[PDB]
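Cβ coordinates were reconstructed from backbone atoms using ideal geometry, including for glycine residues, and neighbour counts include every protein chain displayed. Please treat every number below as a calculation from the coordinates, not as lab data.
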Amino acid sequence: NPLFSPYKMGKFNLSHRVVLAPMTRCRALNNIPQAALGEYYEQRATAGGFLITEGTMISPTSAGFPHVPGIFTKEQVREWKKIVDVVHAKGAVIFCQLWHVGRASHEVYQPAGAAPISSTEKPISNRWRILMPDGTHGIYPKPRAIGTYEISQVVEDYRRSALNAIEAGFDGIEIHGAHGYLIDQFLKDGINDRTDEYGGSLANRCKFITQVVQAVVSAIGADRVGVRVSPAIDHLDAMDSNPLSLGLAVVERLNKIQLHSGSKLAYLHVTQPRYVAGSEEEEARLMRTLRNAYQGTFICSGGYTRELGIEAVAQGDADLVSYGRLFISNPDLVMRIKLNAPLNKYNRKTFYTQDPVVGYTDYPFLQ
Ligand SMILES: Cc1cc2nc3c(=O)[nH]c(=O)nc-3n(C[C@H](O)[C@H](O)[C@H](O)COP(=O)(O)O)c2cc1C
Ligand SMILES: COCCOC(=O)/C(=N\O)C(C)=O
């Protein structure tokens, strides 16, 4: 089974290639990591396994979900430390995903009820609704398009958050540059309608992600930095006229950052276009084209099964395979995939609820 061949992710020696995908679960009450998070990641940690946390706020304006953690306060750092300690006790590697939602937010999630920030003044269309703290769905508002000064301040938020993650003991961080959130709002020409140096050409639309990655690489070192993108995704009106070219433009800039820094990033993480909340062959081809173009470790994500994961690694389509929903409902997903044991179903109704146990840590282990 190729999923259990060891793999060297730069400075981290992994014993297998089953990765816990980053997953927002909304148990971090008032944006403070809670003890429930400690039990949840502990259940899923394995010796030599790689975990990526739920997306984590880099600033008070970053959030667009209720009770998601931050890592921009010392209190948050203090509580994350306890969670990282118990994961490390199991011998796992864990990265903190740094997450800014941009225009995918709401007045209720913003300080003083201010407008969410974005590359653009265009709101997400009414085809998408935002989950509210009371469990209803609200309207995405019109965002405020930020200037280049404010852009440089968001980059500094990323840099400070990456340092706080290292202070909490994280092995590294992942830049959430995917799924129509803030970075993807700069990347996608369906969203970025800017007329300054951050829009109007493919090179300009890649500026924001390049400067974010550069800042965090300089702060904590390239081999502690992973980057997630989804050039072809149907989420929150994040379309591009040429998804493969956008992906390859990002990859080229990551390659160049690596050469200038003298070290490879931890990995590039790409979401399969089939992942939803046009050809099957052209979608597998886009993934392999990006993998072949990038000088380093490739993590694929989105709709993988045990068989699809084995095949991705055996065929050289990816080095690591991250699992989301199946990891929600199978705390010992790694052992189950090793033994080819039956997997348990997941309940989407408790994906984003606040209960510290139900649908969170009460999915059982193999008997
Ligand atoms: C409940 C839930 C929360 C998620 N939260 C995040 C997130 O915060 N950041 C992110 O990059 N991806 C997030 N994802 C996407 C996953 O990281 C992963 O790519 C996806 O679940 C893989 O597809 P799979 O569930 O079939 O394994 C989330 C997915 C789910 C189902
Ligand atoms: C169909 O693609 C959906 C991608 O969006 C996500 O998976 C996500 N965060 O990135 C959350 C919070 O669910």
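Here the condition is being of a type outside the set (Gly, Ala, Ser), in contact with a strand residue (DSSP E or B) (Cβ under 7 Å, 6 or more places away or on another chain), over 25 Å from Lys142 (Cα atoms) and within 16 Å of ligand 1 (Cβ to nearest atom); of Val213, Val229, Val217, it holds for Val213 alone. For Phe95, the requirement of being buried (at least 21 other Cβ atoms within 10 Å of the Cβ) and in a loop (DSSP other than H, G, I, E, B) is not met.
When the residues of the range 7-24 are filtered to those that are more than 10 Å from ligand 1 (Cβ to nearest atom) and in a loop (DSSP other than H, G, I, E, B), the one that is surrounded by the most Cβ atoms within 10 Å (Cβ to Cβ) is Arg17.
Residues in the range 266-323 that are small (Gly, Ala, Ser) and near ligand 1 (Cβ under 10 Å from one of its atoms): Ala277, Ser301, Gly302, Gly303, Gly309, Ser322. Could you please let me know if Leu29 is crowded, with 18+ Cβ neighbours inside 10 Å and more than 19 Å from the chain's Cα centre (by Cα)? Criteria not met by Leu29. Taking the criterion of being within 16 Å of ligand 2 (Cβ to nearest atom), assigned to a loop (DSSP other than H, G, I, E, B) and either touching a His at 6+ places or on another chain (Cβ under 7 Å) or of a type in the set (A, V, I, L, M, F, W, C) (or both), the residues of the range 265-293 that qualify are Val276, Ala277. Scanning the range 1-21 for residues that are basic (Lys, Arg) and in contact with a helix residue (DSSP H, G or I) (Cβ under 7 Å, 6 or more places away or on another chain) returns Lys11, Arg17.
Considering only residues that are within 16 Å of ligand 2 (Cβ to nearest atom) and either closer than 19 Å to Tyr346 by Cα or not in a strand (DSSP E or B) (or both), which ones fall in the range 294-311? Answer for the range 294-311, where residues must be within 16 Å of ligand 2 (Cβ to nearest atom) and either closer than 19 Å to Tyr346 by Cα or not in a strand (DSSP E or B) (or both): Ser301, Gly302, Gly303, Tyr304.
Please pick out the residue among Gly48, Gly55, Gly38, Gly64 that is assigned to a strand (DSSP E or B) and of a type outside the set (S, T, N, Q). Give the derivation first.
On the way: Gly48 fails: assigned to a strand (DSSP E or B); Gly38 fails: assigned to a strand (DSSP E or B); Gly64 fails: assigned to a strand (DSSP E or B).
Only one candidate qualifies: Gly55.
Got a number for residues in the range 44-79 being within 16 Å of ligand 1 (Cβ to nearest atom) and more than 22 Å from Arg160 (Cα to Cα)? Counting residues in the range 44-79 that are within 16 Å of ligand 1 (Cβ to nearest atom) and more than 22 Å from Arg160 (Cα to Cα) gives 4. Could you tell me whether the range 337-348 includes any residue that is assigned to a helix (DSSP H, G or I), within 14 Å of ligand 1 (Cβ to nearest atom) and within 16 Å of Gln43 (Cα to Cα)? Yes, there is a match, as at least one residue in the range 337-348 is assigned to a helix (DSSP H, G or I), within 14 Å of ligand 1 (Cβ to nearest atom) and within 16 Å of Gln43 (Cα to Cα). Output the residue which, of all residues in the range 150-200 that are acidic (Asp, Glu) and surrounded by 24 or more Cβ atoms within 10 Å (Cβ to Cβ), is nearest to the chain's Cα centre (by Cα). That would be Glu174. Residue check: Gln76 meets all listed conditions (1) outside any loop (DSSP other than H, G, I, E, B); (2) under 21 Å from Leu326 (Cβ atoms); (3) polar (S, T, N, Q); (4) in contact with a strand residue (DSSP E or B) (Cβ under 8 Å, 6 or more places away or on another chain) but one, namely (2).
Considered as a group, the residues in the range 32-55 that are closer than 23 Å to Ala266 by Cβ and of a type in the set (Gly, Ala, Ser) include one that is farthest from the chain's Cα centre (by Cα), and that residue is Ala47.
Among the residues of the range 110-135, those identified as assigned to a loop (DSSP other than H, G, I, E, B) and in contact with a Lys or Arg (Cβ under 9 Å, 6 or more places away or on another chain) are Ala114, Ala115, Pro116, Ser119, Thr120, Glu121, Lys122, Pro123, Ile124.
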